[PDB]
Amino acid sequence: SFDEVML
Amino acid sequence: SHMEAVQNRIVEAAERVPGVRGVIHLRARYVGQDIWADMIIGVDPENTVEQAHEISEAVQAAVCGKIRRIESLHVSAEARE
Amino acid sequence: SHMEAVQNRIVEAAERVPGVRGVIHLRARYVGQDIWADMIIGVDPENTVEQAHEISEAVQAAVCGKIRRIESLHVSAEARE
Amino acid sequence: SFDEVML
């Protein structure tokens, strides 16, 4: 996901 | 790392948009050869919420316009000065 | 190929310099992770040779300023229109 | 060289 990408 | 060069371009593109008082925060990541990024810009505390939204959308268009590998960019605004 | 993206940036940077009437020619190559490029710009045939030299130098500075991987850039000018 | 680079 986007939030998951942001790590 | 070639990510630093991309981050510089994002910051410099955002900073040329009227009403941007600096980039408060920027996180960028690669998803394959695309960039996904999340940014916070500073704005005049006395701007309206609607104006801050407009400046945000302007940054989104400008940054995406200049840096073609960006496929997702979220911009939010916070008061600065 | 990521060279196309760099070539677009060079062309667009040159074209924003006052007195540039298009990029006539551009050849770019990698030397390691640096770019070496040779460009011909169009200018007003009625400009002086000295003015064309000034516009060339302006392009060189602008393009190198925007595209940090460029380590050698030659710019020459030819009449256009 | 530069001219040689230009291929």
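Start at 1 and count along the chain as shown; that gives each residue its number.
The way this entry was determined, per its header, is X-ray crystallography, 1.6 Å.
Heads up, the Cβ atoms here are built off N, Cα and C, so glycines get one too.
For B:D38 (Fe cation 1 binding site), applying a Cβ distance below 8 Å and a minimum sequence separation of six or more within one chain yields B:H25, B:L26, B:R27, B:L73, B:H74. What Swiss-Prot records for B:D38, B:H74 is Fe cation 1 binding site.
Residues or ranges marked as Fe cation 2 binding site by Swiss-Prot on the basis of a curator's inference: B:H53. The secondary structure of B:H53 (Fe cation 2 binding site), as reduced to three states from DSSP, is helical. Sequence-distant neighbours of B:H53 (Fe cation 2 binding site) (same chain, 6+ apart, CB under 8 A from its CB) are B:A77.
Every protein chain shown contributes to the tally, and the Cβ of B:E78 (Fe cation 3 binding site) ends up with 13 other Cβ atoms within 10 Å. According to its DSSP assignment, B:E78 (Fe cation 3 binding site) is in a strand. The annotation Fe cation 3 binding site is assigned in Swiss-Prot to B:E78 on the grounds of a curator's inference.
Among the features that the PDB entry reports, expression tag is placed at B:1-3. Under 8 Å from some Cβ of the expression tag (B:1-3) lie the Cβ atoms of residues 28, 30, all in the same chain and six or more residues away from its ends.
The helix, strand and coil residue counts that DSSP assigns across the expression tag (B:1-3) are 1 helix, 0 strand, 2 coil. Taking 8 Å as the upper bound (exclusive) on CB-CB distance to chain A, the binding-site residues B:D38, B:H53, B:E78 give B:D38 in sequence order.
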